[PDB]
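Peer 1: This is the structure I have questions about; it appears just below.
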Ligand SMILES: CCCCCCCC(=O)OC[C@H](COP(=O)(O)O[C@@H]1[C@H](O)[C@H](O)[C@@H](OP(=O)(O)O)[C@H](OP(=O)(O)O)[C@H]1O)OC(=O)CCCCCCC
Ligand SMILES: CCCCCCCCCCCCCCCC
Ligand SMILES: CCCCCCCCCCCC
Ligand SMILES: CCCCCCCC
Ligand SMILES: CCCCCCCC
Ligand SMILES: CCCCCCCC
Ligand SMILES: CCCCC
Ligand SMILES: CCCCC
Ligand SMILES: [K+]
Ligand SMILES: [K+]
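In C-alpha cells:
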C-alpha cells in the first residue's frame, strides 16, 4: 500500500534544485569571462585583418558549425572504440552515426549489445569479487585474532580500488582532471569534454574492470543511503514523539 | 567443489568475453561500412571550402587561419555564438539548464554538450555524481515497481476476458507482446511524434529516444514534464533491456545444447 516513492521523488527533485544552484554558482562565472574574451578575439581579428570582413566571418563560423556535425575517423579501430561506447552506455558523444542506416544499426546494435555486455560486466564482477574475497580472507586472519571489523575491510577496498582504478590509471588512461576523467567515464555518464595502437587492448580492459569497480562502489554508496535513510527516518520519529509528548503536557 | 564451480564460471566468462569482442568487431566493420563514405565525401568538400576561402582572400593569414579555426573549435567546447550578429548571448548555466545538466549526471545520460570548466565545478560534479547516481537509482527502482504494478492491474483484466475453454504457460507471451506494444507507443512512438514537430525527421526521433533512454547520450510545460517522460522511459528500457538480456540466456542455452548434439553425432 505505502507508496514511499513520492518522498524519494521530492528528495531527487530537491537534490537537483540544490545541484542546479551550485553549478550555476560555479560555472556561470567563467562563462562570462570566457565569452567576454571571445568577443575580444573577434574584434582583435577583425581589426588586425581588414582583408576579412564582418559579413564574411559569419560565413566562416556557419561552415565551422556545419563542420561540427562532421568534424581518419570511423577507421578500423575508431568505429570499434565507438562500438564499445555504445554497449557500455558510456557514449562519449564525440563521434555519432550520420547515415540513416548507421542509426538503425546503432539502435539494434545497442538494444542487443547493452544486455550482452551486461553479462560480461556481471561475470567480470563476480570474477573480480572472489579475487577480492581471496585478498580479505588472508587479511581477516592476520590481525583479527567483529561488527566494527567489517569497516576496516571496506576502508581497504576503497583504498586499494581508488589506487588501481582511479589513481594509477591516470597514466594508463593535470592531477584533478585525471580523477575527473576516471569518475565520469566509469560511472558511464559520458565524458565528452576530453576523450601506439596496442594501447587500447589493455586500456579497454582497465575500463572493463573499472566499470565493475564503480558498479560495486556505486552500489555500496547506495547501501549506505538505505542505512542513513533509516537513521533519519527514526530520528524524525523520536523528535516527533517527544514534541507530541511535550505539546500534551504543556496544555495539561 | 568450492573452487570447482569457479572453474565452471571462468569458462563461461571468457566465452562471453569473446562473444563481446566479436560483437564489437562485427559492429566496427558495419559502422565503418556505413560511415566511412559520408566522412570522405564531407571531408573532401571541407578541404575545398578552405582552399576556396584562401584563394578568395590572399591578404588573410594563410598559415594562421587554422589557428583561428582551432580557437573557434576550442571555444565550441563551450556554448558559444561567436558572431558579429548577437555579440550578446544567453547562458548555458542558467536557472534551468544547470538543472538539466544535473539530471544528466545522476541518470548517467550526460549528453556531453555542456561540461563544467571550473575545477570547483568538477570536484562538485564528482561528489554530486557519486552521491546522485545511487540516489536516482532508488527513484528509478521505485518508479519501476510503481509502474510495474500499474501494468499488473492492466494485464489482470486482459488475461481474464480472453479466457476461453486455456494454457497458463502460453498466455504469458501474449502479455509480453502487449507490453512491448504499449511501451514503444507511449515511450517511443508518442514522444517521437511530439519530438518530431517541436524540435527532426521520423527516424531521428526514435534514434533520439533510444540513445537517450538507454543512457548512452506562458504555459511552457517542458522540463518538469519531459524529464518525467525520461524518468519513466528510463524505467521502461531498464525492463526492456532486461528482457532482451533474459532472451539471451535462453538463446545461449539452446545454442549451447544444439552444438552439444551436433558434436555428439556429426550426422551418424
Ligand atoms: C544525500 C543524502 C540524502 C539523504 C536522504 C534521506 C531522506 C530520505 O531519503 O527519505 C527517506 C524517508 C522515507 O523513505 P523510507 O525510508 O520510508 O523508504 C523505505 C526504506 O528504504 C525501507 O528500507 C523499506 O521500507 P521499511 O521502512 O523497512 O518498512 C522500503 O525500501 P524498499 O522496499 O523499496 O527496498 C522503503 O519503503 O523520508 C524521511 O526521511 C522523512 C524526512 C524527510 C527528510 C528529507 C530531507 C532531509
Ligand atoms: C574516513 C572518511 C573518509 C571518507 C572518504 C571521503 C572521500 C571524498 C572524496 C572527495 C573527492 C575530492 C577530490 C579532490 C581531488 C583534488
Ligand atoms: C552478432 C552475433 C554473433 C554470433 C556469434 C555466435 C558465437 C557462437 C559460439 C557458440 C559457443 C557455444
Ligand atoms: C527502425 C525500426 C528499428 C527496430 C529495431 C528492432 C530491434 C529489435
Ligand atoms: C573548490 C570548491 C568546491 C567545494 C564544493 C562545495 C559543494 C558543497
Ligand atoms: C545475436 C544473438 C546473440 C547470440 C549469442 C549466443 C550466446 C552464446
Ligand atoms: C541534499 C541532501 C540534504 C538532505 C535533503
Ligand atoms: C555530502 C552531504 C550529503 C548528506 C549526507
Ligand atoms: K549510462
Ligand atoms: K552516457
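Chains as they are written, first to last, in our numbering: chain A, 32 to 283; chain B, 422 to 689. Idealized CB from N, CA, C, for every residue including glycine.
1. Can you find at least 3 beta carbon pairs, one from the region 631-645 of chain B and one from the region 528-539 of chain B, that sit closer than 8 Å?
2. Taking the alpha carbon of residue 497 (chain B) as the point to measure from, which residue in A:107, A:125, A:114, A:103 has its own alpha carbon closest?
3. Cβ of residue 603 (chain B) less than 9 Å from any chain A Cβ?
4. Alpha carbon to alpha carbon, how far is residue 502 (chain B) from residue 629 (chain B)?
5. Determine the direct distance from the alpha carbon of residue 600 (chain B) to that of residue 668 (chain B), and round the result to whole angstroms.
6. Identify whether residue 500 (chain B) lies in helix, strand or coil by the three-state DSSP scheme.
7. Distance check for residue 130 (chain A) and residue 455 (chain B), CA to CA, integer angstroms please.
8. Quick one: does residue 441 (chain B) have its CB under 9 Å from some CB of chain A?
9. For ligand 2, is there a heavy atom less than 8 Å away from the beta-carbon of residue 446 (chain B)?
10. Under the assumption that residue 512 (chain B) contacts residue 93 (chain A) (Cβ atoms under 8 Å), give the Cβ distance between them as a whole number of angstroms.
11. Please list the partners that residue 457 (chain B) has in chain A, where partner means a Cβ-to-Cβ separation under 9 Å.
12. For a contact defined as C-beta to C-beta under 7 Å, what are the partners of residue 98 (chain A) on chain B?
13. Name, please, each residue of chain A whose Cβ falls closer than 7 Å to the Cβ of residue 478 (chain B).
14. Three-state secondary structure (DSSP) at residue 483 (chain B)?
15. With H, G and I counted as helix, E and B as strand and the rest as coil, what does DSSP make of residue 467 (chain B)?
16. Provide the residue span of the alpha helix (DSSP H) that contains residue 618 (chain B), from first to last.
17. Counting C-beta neighbours from all protein chains within 10 Å, is the total for residue 681 (chain B) 16 or more, i.e. buried, or is it exposed?
18. What ranges does the alpha helix (DSSP H) occupy inside the region 168-242 of chain A, keeping only unbroken runs of at least 4 residues that lie completely in it?
19. Pick out whichever of B:493, B:560, B:618 has its Cα sitting closest to the Cα of residue 524 (chain B).
20. Along chain A, which residues have their Cβ under 8 Å away from the Cβ of residue 540 (chain B)?
21. Could you tell me the distance, in whole angstroms, from the CA atom of residue 626 (chain B) to the CA atom of residue 612 (chain B)?
22. Taking the alpha-carbon positions, what's the residue 488 (chain B) to residue 618 (chain B) distance?
23. So, helix, strand or coil for residue 129 (chain A), using DSSP?
24. Rounded to whole angstroms, how far is the Cβ of residue 137 (chain A) from the Cβ of residue 128 (chain A), which I believe are closer than 8 Å?
25. Let me make sure I understand the geometry here. Which of B:660, B:553, B:603 has the alpha-carbon closest to that of residue 575 (chain B)?
26. So that I know if they touch, is there some Cβ in chain A lying closer than 9 Å to that of residue 631 (chain B)?
27. If you measure from the CB of residue 530 (chain B), is any heavy atom of ligand 10 nearer than 8 Å?
28. Give a yes or no on whether the C-beta atoms belonging to residue 263 (chain A) and residue 563 (chain B) are separated by under 9 Å.
29. Could you pull the start and end residues of the alpha helix (DSSP H) that residue 526 (chain B) belongs to?
30. For residue 660 (chain B), decide whether its Cβ has a neighbour in chain E, counting only Cβ atoms nearer than 9 Å.
31. Please state whether DSSP places residue 478 (chain B) in a helix, a strand or coil.
32. Is any non-hydrogen atom of ligand 5 found closer than 8 Å to the C-beta of residue 53 (chain A), if you look at the structure I gave you?
33. Using 10 angstroms around the beta-carbon of residue 66 (chain A), count the other beta-carbons present and answer buried if the total reaches 16, otherwise exposed.
34. Please state the DSSP three-state secondary structure of residue 263 (chain A).
35. Which chain A residues are close to residue 472 (chain B), counting only those with a beta carbon under 8 Å from its beta carbon?
Peer 2: Judging by the given coordinates:
1. yes
2. A:125
3. no
4. 25 Å
5. 15 Å
6. coil
7. 7 Å
8. yes
9. no
10. No, residue 512 (chain B) and residue 93 (chain A) are not in contact; Cβ-Cβ is about 23 Å, not under 8 Å.
11. 103, 104, 105, 106, 110
12. 467
13. 82, 83
14. coil
15. helix
16. 611-618
17. exposed
18. 180-192, 200-203, 207-217
19. B:560
20. 207
21. 8 Å
22. 39 Å
23. coil
24. 5 Å
25. B:603
26. yes
27. yes
28. no
29. 518-527
30. Of the protein chains in the structure, A and B, none is chain E.
31. coil
32. yes
33. buried
34. helix
35. Within chain A, no residue comes near residue 472 (chain B); the closest Cβ sits about 13 Å away, beyond 8 Å.
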